[PDB]
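Note sheet for the following structure.
Using ideal geometry, Cβ is built from the backbone for each residue, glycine included, and neighbour counts are taken over all protein chains shown. Every number here is computed from the coordinates shown, using simple stated rules; none is lab data.
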Ligand SMILES: O=S(=O)(O)OC[C@H]1O[C@H](O)[C@H](OS(=O)(=O)O)[C@@H](O)[C@H]1O[C@@H]1O[C@H](CO)[C@H](O)[C@H](O)[C@H]1OS(=O)(=O)O
Ligand SMILES: O=S(=O)(O)O[C@@H]1[C@@H](O)[C@@H](O)[C@@H](CO)O[C@H]1O
Ligand SMILES: [Ca+2]
Ligand SMILES: [Ca+2]
Ligand SMILES: [Cl-]
Ligand SMILES: [Cl-]
Ligand SMILES: [Cl-]
Ligand SMILES: [Cl-]
C-alpha cells in the first residue's frame, strides 16, 4: 500500500562528469538504466557546498543556517527543535524500516531511533514482510580525498579516460595536471557506477524495482578546484535521477510518471527532498521545513518547470572561514560576499592536498593566469551577478553594467528578505552562536530575529556611497553592542581606504575593545590599509583567546593577512585549552603549520 | 595460536590484607605461587567502590558514570550503545569459549550470548579442542557479609590470625572489636586462597598454565569500615597479580615477561582491564572505551610506571546516596564532595550490620574519637587534597595549606575538565536520568552535554566566596530549569548560614517548586539553618513522590536530617529486583522511625 524509497548517494560530485548530462562525461550504464524509466533532473542543487551541511539539509528539509548548523564539521552539534525531525525518523515512526549504510555526517544530535539500522552493511533485507522501507547508501568513491594523489602520477599512473580530450572549466589553467586530474575523476565515476549497480541489481532480482522510488544523486557539487567549499554553481549542482516505480505512478501527475525517460528543468533544492518523501509516504510536512515536494499528484511538469529558485550558504569549512550567500532566480545568479577581503583561495589545508589546487595558486603568484582564472585568488566584489543561460560558468560579473542595475537591486532585496525572515543565525559568529543556541536554535532565533536584521543592515551599508552611510557607520562603531561593532568593522574593511576618516576610532577598537575578534578586525584593517605590522598583536590575541573557536577566528584573520601581505606568524595557543578532539586539534595544527612560513 | 585468560576474583578486598603486599597480611601460598612467575601490581584500583559499578567497569572498559550505570544496585539497567560491548561478548564473537562462575552484577542489559556459559559450575572444560578460552570466577569468601557476625563472636569464636598484633587504619578506633574484625578478615584471606588453589591446580594438572594469562584481583577496595562505598583509596585499592604464560611472553615487552616475579608501580585502573584482554587477543579497542591496555608489546616497565592517574566515582549504594568524585594524579589525591552536608557516615542499613561500624558511630557520639577518626561522621570539606607518598591513609587535608594553593587549582581544574568532557551523567539525579537515558545513554549525553557543564559550574560556585557568586546563584535559584534550581539549592546548602539572605527565595522554593526534590532541599536548608521542623512536610512529600527513585531521594534527605538533628520521621509506607527495591524503602522506614 505504501512506496519504498532508496537514496543512492555519491560523494562530492557535480553533473558534468556524467555522460547523462555531458557529452564528455563518464559512461555510467547502471545509472543510465535507472534513467530509462526515470526523471532526469537538469537543475538539482544542494543548498551548501560540503558534506555535513548538505546532508543536514537533506535530512531536515530545512536550512542549516537558520539552525546554527552551517559549520563543517561542527564544533558543537545542535539539538533539533521540538517540531522538526529527520526524514528517517519521520518514516521510522510511520512504520517504515529505515536503513543507512553508512555515512551520516549530521550537524544535529540524532533523534532516538533515528534509523532502524545505521551501520556498514545495513540493508532493507531485515524488514518484516509487507513493511515499506527507506534505504540510504553512500559511496565514497568520488570523494575529494581520491584526488589527493601525488603529482608524479601524471607520469606514473595512466587513466582510462583520455586526459588529452578534456575540456576544462574556464577558471582552470589548461595544464597537463588539470586535464589529468579531470580524467582521474571521470575514472572514479565509472567505478562508482559499477558499485551502485550492485545495489540496483539486488532490487531488480528481488522484484522490488516497481515498488520503489530510486533516487541517485551527488551530495553536493565538486570536486575539482573552485567547487566544493564555494557557493558558485560548481559547489552546488549535482546529478539527480529518480526511477519511478510502475506500481506507484498513480501518486504522480501523468507528466511525471516517467513511462519514458523524462527531463525536468525546474530548480530542485536539497531542502525539497525530505518533504518529497513525506508526501509520497502520505505524511504531513513540518511547519519548520523550508522545502516543498517536487513529486505531487496535481503538480504538472509545466508547473514543476516554473520553479527557479535556490538559496545557498557557505561559512566554515574545517579551519577556514568566510561568509558568502548565493541567490539564484530564473536565469540569474547573485552572490553576496560579506567579507570581500577574503579571497576564495584563502588557505585551507585539505583543499590544497589536491596537486591541481597548488598548481593553480602557483600560477597565480607567477602571474600566468588570465582574469577569469585568477578571480579565485583576488579580493572579491561585494556583489556579483551572472546570467547562467549565457554564462553558465559565472565568468562575467554583470553587476557593474548599467542594463543590470534593476536586476542587481531585485536580487539584493530578495536575498536580504530571505536572510531576515529565516533568520540566518550565521550573522552571529560561531564562537558566540553555537554554545548558546545548542539546546534549541529556534528559541534563540525568536529572541534575536531583530538583532540579525540589524547585523544585515549594518554590513549592507558597505554597498552604499561612503559619505551617505558615514554617520550611521560611526555610531555603530561606537555601539555598546559588540557584534554590531563587529559588523561595522567588517563594513569598514569592505570600504578599505574610503573609510580612512575612521582611523582614530579603529585605533581605539584595536587597543581596547572587550571583544578580541573586534580587536583583530581593527588590526586587520590597519595592516591592510596603513602599513601596521600585525604579527605580534595577533599572536598575543590568539594566546589570550578564551576558547578554541575565538582563537580559530583570529587565526583565519591571520591567514588572510599571511596570504595578502606575505608575512609569517609564530602561533602559540592558550594554556587554558575523541574523534571530535582529533578533528578540532587538526584545525589548529593546520593553521599553525601554515602560518609559520611565508 | 591465541592465549587463554582466567580472571580469579575475590569479593570486596583491598591489598593490605595480603602478605604479598603487607608484612602483617595473610599468608596465601597459592596466590603467592602465581606471583613467582608473574607481575605483581602495587597500584591497581577500581574506578568505584562497590561490586556492580566496578564489575560494570571491568566488563566495558568504560566509566559507568558516562552511561547512567553508577547506581548500586540499579533501579533500571541501561541498554548498551551500539559501538560498546562487554569483554566476554567481544571474545565470544572472536571464537573464544567464555565461561563465568557465576556472579555478574552488571548495570547494563546483557548482550545476547554474552557468555558461552554463565552459571554455577561453568568451566573452560566444555570448550571444543583447540578453542581458546576466557574463564571468570568469583569467590564470595571475602564478601562484606562475612563481617556481619554478632559482636558476641569476640567471646565465642577465636581467630587464627592474632588480633593483638593488628595495626589498624588511623581512621579506626583502636578497640578489641576492630582488631578482632581485622583478624576475622585476615582469616578469610587464608581460606579463599585455598579455594582459588583448586582452580589453579586444575589449570596446572591440565597443562594449561603456560598458555593462559591468570589474573588474580579483588573487585574493589574493602571491606572494614570506611572503605567499600567510598572513593578514598580504601574503597578502590585491590591486589592484582598476573601470571605470565611462557608460550605467550612474546606478546609482552621483555621488561614485563615476568621470568622472575616483577613489581609494577604504575597506576592501573579497572577501565584498563577489558582493553588489555582485547590487545592480547589481537582485537581492536572500542572507540567508546576509556581504558588502555597495560600489557603490550612496545610498552616498557619504565613507561608503564609513568601511568599515574585514577578517576573514581560514588553515587548510590542501596538506599544511601551521596555524590563524590576522586581524582588521583601522581602522588596527589583530590576529593570533591559535591554535597558536603552529607557525612560519609550517613546511615546505610547494610554497612551498619558490621558490628565495628556500629561501635565506630557509638564512639563518635560519645565524643571518644580524635579528629582523624571522627572525620567520617562530620560535615565534609568541599575539597580535600592528600600527598599519598607522605600520607597514604589520607589523614591530612593539604587544601587548607598555603603552599598547596596551586596544586588545589590544578586538581580542581583537572576533575572539572574530565567530568565535563565525559560527560558525567550523574549530575542528573538518578530519578530523572535512568528512565530517560536507559534506551540510549550516548544520545542523552550528546543532547545534554552543555546542560551538565552548567550543572557542574553551578555547584562549583560553592567553592567561591559567597559575595562573589551571590548574584549568579540567585539568578539560578530563579531559573526555569528545575535541575539548575536543584544544583543551586545544593550550593546554597553547602554555603549554609552564609546564604541566609536567600531565605525568602528558599521559602518560596519550599512552598511551591514544581520539583519535589527541590522542595525537599529547601526544607532541608531551613531545618539545618533556621530551626524549621521538617518531619510533617517530608513525610507528606515522600507519599507525593511520582516514582520510587524520587521518594528514595527524599528519604535520603530525611536520613541526613535524622542523623544531624536527631529527629525521627514516621514514614508510611509504584522479582529479585522487586525485593531489592522494596528492601531500600523498608530499610529507610525502619531506621528513620527512631532517633
Ligand atoms: O538482598 S539479599 O538477597 O537479601 O542478600 C544480599 C545479597 O544479594 C545477592 O545474593 C549477592 O550475591 S551475589 O554475590 O550477587 O551472587 C550478595 O553478595 C548480597 O549482596 C549484597 O546486598 C546488600 C544489599 O543490602 C548490598 O548491596 C551489598 O553491597 C551487596 O554486596 S554485593 O553487591 O557485593 O553482592
Ligand atoms: O567527508 S567529507 O565529504 O565531509 O569530506 C571531508 C573534508 O571536507 C574535510 O573536512 C576533511 C577533513 O579536513 O575530511 C573529509 O572527510
Ligand atoms: Ca561527501
Ligand atoms: Ca563483590
Ligand atoms: Cl561544475
Ligand atoms: Cl574572517
Ligand atoms: Cl586500605
Ligand atoms: Cl542527598
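Please state which one of A:333, A:365 is more than 14 Å from residue A:230 (Cβ to Cβ) and more than 16 Å from ligand 6 (Cβ to nearest atom).
A:365
Kindly establish whether residue A:82 is within 14 Å of chain B (Cβ to nearest Cβ), surrounded by fewer than 20 Cβ atoms within 10 Å (Cβ to Cβ) and over 29 Å from residue A:1 (Cα atoms).
Criteria met by residue A:82.
Any residue at all in segment A:566-589 that's within 14 Å of chain B (Cβ to nearest Cβ), within 21 Å of residue A:350 (Cβ to Cβ) and in contact with a helix residue (DSSP H, G or I) (Cβ under 8 Å, 6 or more places away or on another chain)?
Checked against the condition, which is being within 14 Å of chain B (Cβ to nearest Cβ), within 21 Å of residue A:350 (Cβ to Cβ) and in contact with a helix residue (DSSP H, G or I) (Cβ under 8 Å, 6 or more places away or on another chain), segment A:566-589 yields at least one hit.
Within segment A:543-559, identify whether any single residue is assigned to a helix (DSSP H, G or I), within 30 Å of residue A:597 (Cα to Cα) and in contact with a strand residue (DSSP E or B) (Cβ under 6 Å, 6 or more places away or on another chain), and answer yes or no.
Yes, that holds for at least one residue.
Would you mind telling me which numbered condition in (1) touching a helix residue (DSSP H, G or I) at 6+ places or on another chain (Cβ under 7 Å); (2) farther than 24 Å from residue A:72 by Cβ; (3) within 14 Å of chain B (Cβ to nearest Cβ) residue A:532 fails?
Among (1) touching a helix residue (DSSP H, G or I) at 6+ places or on another chain (Cβ under 7 Å); (2) farther than 24 Å from residue A:72 by Cβ; (3) within 14 Å of chain B (Cβ to nearest Cβ), the lone unmet condition for residue A:532 is (3).
Does segment B:85-99 hold any residues that are farther than 26 Å from residue A:112 by Cβ and buried (at least 21 other Cβ atoms within 10 Å of the Cβ), and which are they?
Residues satisfying the conditions are B:87, B:88, B:91, B:96, B:97, B:98, B:99.
Does any residue of segment A:526-543 turn out to be within 28 Å of the chain's Cα centre (by Cα) and under 29 Å from residue A:71 (Cα atoms)?
So far as segment A:526-543 goes, yes, one or more of its residues are within 28 Å of the chain's Cα centre (by Cα) and under 29 Å from residue A:71 (Cα atoms).
How many residues are in a loop (DSSP other than H, G, I, E, B) and surrounded by 23 or more Cβ atoms within 10 Å (Cβ to Cβ) if we restrict to segment A:29-73?
The total comes to 11.
Taking the conditions exactly as written (touching a strand residue (DSSP E or B) at 6+ places or on another chain (Cβ under 6 Å), outside any loop (DSSP other than H, G, I, E, B), within 30 Å of residue B:331 (Cα to Cα) and more than 16 Å from ligand 5 (Cβ to nearest atom)), does residue B:6 satisfy them or not?
The answer is no for residue B:6.
Name the residue, out of B:39, B:8, B:18, B:34, that is within 20 Å of residue B:102 (Cα to Cα) and either touching a helix residue (DSSP H, G or I) at 6+ places or on another chain (Cβ under 7 Å) or away from ligand 2 (no atom under 16 Å from the Cβ) (or both).
Answer to the check: B:8.
If you go through segment A:97-146 one residue at a time, how many are in a loop (DSSP other than H, G, I, E, B), away from chain B (no Cβ under 14 Å) and either closer than 30 Å to residue A:357 by Cβ or in contact with a helix residue (DSSP H, G or I) (Cβ under 9 Å, 6 or more places away or on another chain) (or both)?
8
Tally up the residues in segment A:289-307 that are within 15 Å of residue A:270 (Cα to Cα) and out of contact with any strand residue (DSSP E or B) (no Cβ under 8 Å at 6 or more places or on another chain), please.
Count: 4.
Identify the residue in segment B:441-462 that is closer than 20 Å to residue B:550 by Cβ and facing chain A (nearest Cβ under 9 Å) and, among all such residues, is surrounded by the fewest Cβ atoms within 10 Å (Cβ to Cβ).
B:451
Among the numbered criteria (1) assigned to a helix (DSSP H, G or I); (2) in contact with a helix residue (DSSP H, G or I) (Cβ under 6 Å, 6 or more places away or on another chain); (3) under 15 Å from residue A:16 (Cα atoms), which single criterion is violated by residue A:241?
(1) is the only condition that residue A:241 fails.
Quick grid of which residues meet (1) more than 16 Å from ligand 8 (Cβ to nearest atom); (2) within 14 Å of another protein chain (Cβ to nearest Cβ); (3) at positive phi; (4) crowded, with 20+ Cβ neighbours inside 10 Å:
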{"residue": "B:298", "(1), (2), (3), (4)": "yes, no, no, no"}
{"residue": "B:311", "(1), (2), (3), (4)": "yes, no, no, yes"}
{"residue": "B:319", "(1), (2), (3), (4)": "no, no, no, yes"}
{"residue": "B:324", "(1), (2), (3), (4)": "no, no, no, yes"}
{"residue": "B:328", "(1), (2), (3), (4)": "yes, no, no, yes"}
{"residue": "B:340", "(1), (2), (3), (4)": "no, no, no, yes"}
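In this structure, does residue A:147 turn out to be under 27 Å from the mean Cα position of the chain (by Cα) and either more than 16 Å from ligand 6 (Cβ to nearest atom) or buried (at least 21 other Cβ atoms within 10 Å of the Cβ) (or both)?
Against the criterion (under 27 Å from the mean Cα position of the chain (by Cα) and either more than 16 Å from ligand 6 (Cβ to nearest atom) or buried (at least 21 other Cβ atoms within 10 Å of the Cβ) (or both)), residue A:147 qualifies.
Filter segment B:413-440 for residues that are crowded, with 17+ Cβ neighbours inside 10 Å and over 20 Å from the mean Cα position of the chain (by Cα); which is farthest from residue B:553 (Cα to Cα)?
B:440
State all residues of segment B:198-238 that are touching a strand residue (DSSP E or B) at 6+ places or on another chain (Cβ under 7 Å), within 16 Å of ligand 7 (Cβ to nearest atom) and farther than 19 Å from residue B:20 by Cα; if no residue qualifies, say none.
B:229, B:230, B:231
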